[PDB]
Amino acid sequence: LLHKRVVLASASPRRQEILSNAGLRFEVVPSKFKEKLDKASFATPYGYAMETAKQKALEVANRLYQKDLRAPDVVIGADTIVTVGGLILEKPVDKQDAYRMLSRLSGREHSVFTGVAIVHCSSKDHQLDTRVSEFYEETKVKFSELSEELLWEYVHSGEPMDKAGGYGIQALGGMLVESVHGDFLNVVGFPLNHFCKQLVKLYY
């Protein structure tokens, strides 16, 4: 990825921060794909997460090529979801979502999945040809038992709004999260170590 044009198809600042801290230089182009994929159409939660990441990266890759006839070398897509009791939780639409989300997560152990799509692009015969490599990472997170008072003070904090499941593991969410089991950067929004292992296999 040394001399290649890397595009990250997500406006999530925590994702950019993770990849910026790792040394990766990239362009930020948020995707216009809106995640209305039928969740019931997938066998596993991480299947829905990986396919969503694929579609977000492909929409960005095609929009860019259609705009100025240049194929970006790599487009990276990602989608972070939360599963508790088999149900899929994404980012809240408001607070009545965020509160009921944290209401469901209170006192249980849930799974965080991030599906990642690495899209290699090239242009051939006036068409954008794409090679997609998908992977996911799972991290188990355990919430403490949360009173409806602290549930509400955290709902209100503005924190839950653009986080999967309506919470983070830094800042105010540390009063909610009791333990983390697995890759913690996966919970923030990006599985960095798995992402690195996927690069060396795609090249060596």
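Counting begins at 1, following the sequence as shown.
Selected stretch [higher average CA B-factor]: 89-97 or 129-137: The entry gives the higher C-alpha B-factor average to 89-97.
Between 57-65 and 36-44 (mean CA B-factor, as deposited), the higher: So the stretch with the higher mean C-alpha B-factor is 36-44.
Residue selected from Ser179, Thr52, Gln170, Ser31 by maximal Cα B factor: Of the options given, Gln170 has the highest CA B-factor in the PDB entry.
Where the record places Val200 (Cα B-factor, split into thirds across the chain): Highest third, going by the recorded CA B-factors of the chain.
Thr114 CA temperature factor, ranked by third within the chain: Within its chain, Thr114 is a lowest-third residue by C-alpha B-factor, going by the deposited values.
Where the record places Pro13 (Cα B-factor, split into thirds across the chain): Answer is middle: the recorded C-alpha B-factor places it there.
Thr80 - Cα temperature factor, lowest/middle/highest third of chain: According to the entry, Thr80 has a C-alpha B-factor in the chain's lowest third.
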